[PDB]
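First comes the structure, then the notes that go with it.
Here Cβ is always computed from backbone atoms with ideal geometry, including for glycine, and neighbour counts include all displayed protein chains. Values in this text are rule-based calculations from the coordinates and carry no lab data.
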6 protein chains.
Amino acid sequence: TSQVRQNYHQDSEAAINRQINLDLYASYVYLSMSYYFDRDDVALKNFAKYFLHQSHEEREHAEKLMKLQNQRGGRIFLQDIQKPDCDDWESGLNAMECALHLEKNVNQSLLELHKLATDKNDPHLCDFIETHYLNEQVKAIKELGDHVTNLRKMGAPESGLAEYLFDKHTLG
Amino acid sequence: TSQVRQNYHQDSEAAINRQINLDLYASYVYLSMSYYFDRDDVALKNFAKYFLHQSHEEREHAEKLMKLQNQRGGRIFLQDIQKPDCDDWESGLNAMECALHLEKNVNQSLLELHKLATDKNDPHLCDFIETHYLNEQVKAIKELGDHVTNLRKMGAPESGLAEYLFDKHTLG
Amino acid sequence: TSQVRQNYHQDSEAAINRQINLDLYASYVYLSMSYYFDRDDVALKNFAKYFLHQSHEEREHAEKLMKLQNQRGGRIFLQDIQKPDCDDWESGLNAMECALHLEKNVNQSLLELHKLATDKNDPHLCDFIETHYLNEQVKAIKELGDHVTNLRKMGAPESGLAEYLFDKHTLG
Amino acid sequence: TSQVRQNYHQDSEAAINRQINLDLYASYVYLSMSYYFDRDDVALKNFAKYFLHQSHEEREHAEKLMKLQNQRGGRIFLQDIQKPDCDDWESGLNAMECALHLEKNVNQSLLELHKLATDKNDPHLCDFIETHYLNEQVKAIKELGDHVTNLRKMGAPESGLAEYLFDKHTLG
Amino acid sequence: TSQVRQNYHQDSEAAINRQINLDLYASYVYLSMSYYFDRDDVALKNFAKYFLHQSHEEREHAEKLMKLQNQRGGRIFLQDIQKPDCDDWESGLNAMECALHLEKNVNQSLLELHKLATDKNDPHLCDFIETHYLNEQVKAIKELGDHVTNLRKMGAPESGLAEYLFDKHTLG
Amino acid sequence: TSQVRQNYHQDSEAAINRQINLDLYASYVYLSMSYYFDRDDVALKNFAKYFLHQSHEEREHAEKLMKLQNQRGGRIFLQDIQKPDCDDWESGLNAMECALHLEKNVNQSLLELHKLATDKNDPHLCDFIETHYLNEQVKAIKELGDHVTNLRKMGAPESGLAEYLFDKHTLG
Ligand SMILES: [Ca+2]
Ligand SMILES: [Ca+2]
Ligand SMILES: [Ca+2]
Ligand SMILES: [Ca+2]
Ligand SMILES: [Ca+2]
Ligand SMILES: [Ca+2]
Ligand SMILES: [Ca+2]
Ligand SMILES: [Ca+2]
Ligand SMILES: [Ca+2]
Ligand SMILES: [Ca+2]
Ligand SMILES: [Ca+2]
Ligand SMILES: [Ca+2]
Ligand SMILES: [Ca+2]
Ligand SMILES: [Ca+2]
Ligand SMILES: [Zn+2]
Ligand SMILES: [Zn+2]
Ligand SMILES: [Zn+2]
Ligand SMILES: [Zn+2]
Ligand SMILES: [Zn+2]
Ligand SMILES: [Zn+2]
Ligand SMILES: [Zn+2]
């Protein structure tokens, strides 16, 4: 047992390792999305930039969880980072829809982690999740919903003009 | 023989003179494209500016090759700069397509020059071409592909609105 | 075929995708090493910082290759990022030894890629690898050899004092 | 007919296209002269610089005429830019003599254009030529006469010392 | 075998040691030339300064090769630095001619080294030579050709006035 | 006889040429020592820096003697710069010991030169040696004695920790 460990259940430790993997996976999804928009036959530079920023943010989320693991005296166990489900993300609108689904999945995992921390009477872990993760997710989900709505209302994905203008006026 | 000449094959010297002409020709194509967009019945100022910048860049490419010729002790032999194949370039999209074709042709010539320099065991000439020309071409070709893609997706050439907005938001 | 593709062999395209995965894997190895040194029972903050910097650098290497893939009109195909071979990296000296082995493996892959690019008469790809990757590797390998030498001469891994002082005076 | 065209004779339009070619040709002559002085067996850097500046100026003259063509609703028709009559320009003095002859030829063409514009009662075109071209030519011709005189008085072309010192003290 | 050594042939290692000696020798030649012009019966201060700068540059070339040797895990083996072939360098023009010959000899050695590196499939060493040495030599050779040409055209070595004025106006 | 020569014995002139060679030799010894510490299996960067600084200083000593030779109307005669006696310098302590021996040898030569200048009633040469060389040597010898003492007291060469810490705290 770590000399620092206190009130940290093995189930919590395992759940944190799963969440580290999930955040790394989300980083990889967004990396894949970014460079899709960098293709010469897609060529939406601000979609590419937006998703690349998202990728780096998700990696930061994972690193903060790794720091948390060690702070609490848990032991980090890394797993493979699965390749994303898609190689081709179709359109700006489809990528945004996929991102919205991803962020809702990450939120679900975080809510399950918070329930576990509550069940194990770990108020430090509860606070960590609330403070650093839950409002971040609510904001991310709202932003992506807003993007999806605008792209749909403008006439995406069929209107390449809509995605072009959204790239310039919202993401640029 | 020049007092400076060393390891510089006559075939390389001749190929450099051909490339000087090709870069001057590309400068002239882009000059012609620029002022097409300056016509009162075309009137896309940022297309005009983009192509004029391209023209001056290609002239710089030629001047650097002229400098190289003299650095190696070769002798510059200039040829006529042929007028471009078109007087009227049709549309922004067509001009961009033509530019993409031109840059791919220039790249092909440069790759043939690099093969020649390799066959003649001229590592200085190989390096000169790699350093100053080959990645420049890859970037130019990628940029023009990106432009063509966006113009097509926006609905050019039929949508005069698309070309107008591209002129403002991408080239301006 | 991409509108930008020129002189880019399918074998090169595939090799670039393998190298993207290898650089992502190296990023993950270094991430794992970093947080090992962040453990309360290891507690070498400058080893942690050094490896975290390495991790971010390797991710940048991968992103530049992804950019290259698209520049040349190739298509990025991502694969799983395998978890590193170790969860516990033993000591500062052992981690440095492992890093040296990793960087030599990455270098070997890059040298094989350069041979392939040479065999396929792709001077742009050759130049890209020389310019951005090969001297980076030679420097990384030299730096890690230097670190290993100093740690060994100081009496690591048996001397926890040696690793402490190296952490402060070399990595800090 | 262009929506902007007013009081612009077809003969004037054609003469402007001829003058565009002549200014491009003069740019090319001066380009050729510049790099002659950049040869290792000539090696007069300030002669090279002087002629290169002249080359860029003549290109600017052509671009301003292209702008004029479009301003008046005429249509630009480009022709081949002929290679200069010489590959080797002999000496500083000979190049200056050749430049003086060239500038007098360009002036003659411009005076013929002004006569045409006068005959066609085109005061805007008359003013354009007077304002932007005729005093430019008188100054260029005077400067080149002055240079020729000094080079001759100093003992060029036979005195390589004279051309060396002129390069330093007048052109540098 | 060095822990850093990878893809570095023993022939390459030996050739690098020969090149280190050659660059040190060139440094010594230029040192000797510099102080010749510092003699009271020669007294060309800017020739002295020019050659002294050259001397320090050649020493830097050698130090960078020594660094390269160690970077690749090769072992530096120094040899005697031979005294130059001349004690008295005759005139500014003769020294410049001798320097031109020296730089062409150094270039030949570097081209042979590049051929060896190519034959041994050492792209890092090829790149190192191209990047740091080959264009440096082409520039040095061109500069010295230019100097020789000017000195000859001005009437050196017979005209002590020519060498005096060249010292002031070109080297000063 | 030089027009500047006055009270300068041929024996003094010859002794100055020997001293120029000795200072160049000392520069080469220190160059060799520097890059030994740059080896991946030695890896003491501040030892490397210290010896490289020493090398450049000794070269400056030689250049000042070359200047002196010419000031007095003597004629510089260069000799081969012998390679140092060692390729491998063993340890920081051994290199410092070798440097101390070298500086004492250089001092002995300078004291013999001063005796010669005294015997030849050359007070300018006596002053030159006192002013620029003798206290420089006393300081260099004292500094190297101090270094040797500290390295020995710390437990070098057997303690790689001692040499590591000396490198950081004294030479860094
Ligand atoms: Ca996010
Ligand atoms: Ca999988
Ligand atoms: Ca271009
Ligand atoms: Ca024609
Ligand atoms: Ca690295
Ligand atoms: Ca696995
Ligand atoms: Ca002019
Ligand atoms: Ca013709
Ligand atoms: Ca008027
Ligand atoms: Ca040089
Ligand atoms: Ca000898
Ligand atoms: Ca290269
Ligand atoms: Ca010293
Ligand atoms: Ca010897
Ligand atoms: Zn996240
Ligand atoms: Zn808008
Ligand atoms: Zn070009
Ligand atoms: Zn990497
Ligand atoms: Zn003109
Ligand atoms: Zn050199
Ligand atoms: Zn000394």
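Here, P(r) means the percent of Cα pairs in each 10 Å bin from 0 to the largest distance; for chain D it is 10, 36, 28, 16, 8, 1, 0. Quick one: grab the alpha carbon gyration tensor of the protein assembly as shown, order the square roots of its eigenvalues as a ≥ b ≥ c, and give me rounded if a/c is under 1.5, else prolate or oblate depending on whether a/b is larger than b/c. Oblate shape, in that a/c is at least 1.5 and b/c is the bigger or equal ratio. Sorting the segments D:149-159, C:15-25 by their residues' average number of neighbouring beta-carbon atoms within 10 angstrom, most packed first, yields C:15-25, D:149-159.
Kindly write out, for the range A:133-147 in residue order, the coupling ³J(HN,Hα) from the Karplus curve 6.51 cos²θ - 1.76 cosθ + 1.60 (θ = phi - 60°), rounded to whole Hz, with x marking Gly and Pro. Per-residue couplings from phi come out as 10, 5, 6, 4, 5, 4, 5, 5, 5, 4, 5, 5, x, 4, 4 Hz.
Considering only Cα-Cα distances, which of the following residue pairs are longer than 22 Å: C:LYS168/F:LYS45; E:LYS49/E:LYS168; B:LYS104/D:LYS49; B:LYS49/B:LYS83? Listed pairs above 22 Å: B:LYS104/D:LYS49.
For peptide D:39-49, the mean count of partner chain Cβ atoms within 10 Å of a residue's Cβ comes to 6.
Counted by neighbouring Cβ atoms within 10 Å, the residues B:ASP167, F:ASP88 run from fewest to most as F:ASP88, B:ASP167. Only Cα sites of the range D:74-157 enter the Debye sum here, all with the same form factor; the resulting log10 I(q)/I(0) across q = 0.17, 0.19 1/Å is -0.84, -0.94, listed in q order.
Between the beta carbons of B:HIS56 and A:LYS153, assuming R0 = 51 Å, the FRET efficiency works out to 0.75 to the nearest 0.05. The mean number of partner chain beta-carbon atoms within 10 angstrom of a residue's beta-carbon across peptide B:120-131 is 6.
Sorted from shortest to longest, the distances between the B:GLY172 label points of this copy and the other copies are 1.2, 4.9, 5.8, 5.8, 5.8 nm, with each point 7 Å from Cα along the line through the beta carbon. Residue by residue along A:64-77, Cβ atoms of other protein chains within 10 Å of the local Cβ number 3 on average. In plain terms, the residue of E:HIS101, B:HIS147 with the fewest other Cβ atoms within 10 Å comes first and the most crowded comes last, giving E:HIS101, B:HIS147.
Each residue of the range A:24-107 gets 84 Å³ once the volume of the Cα convex hull is shared out per residue. Relative contact order of chain E, taken over Cα pairs closer than 8 Å and 6 or more residues apart, is 28 percent. 3J(HN,Hα) couplings calculated from phi for the range F:106-116 with the Karplus curve 6.51 cos²θ - 1.76 cosθ + 1.60 (θ = phi - 60°) are, in sequence order, 4, 4, 4, 4, 5, 5, 5, 5, 5, 4, 4 Hz; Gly and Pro show x. Fewest neighbouring Cβ atoms within 10 Å first, the residues F:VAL148, B:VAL138 line up as F:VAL148, B:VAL138.
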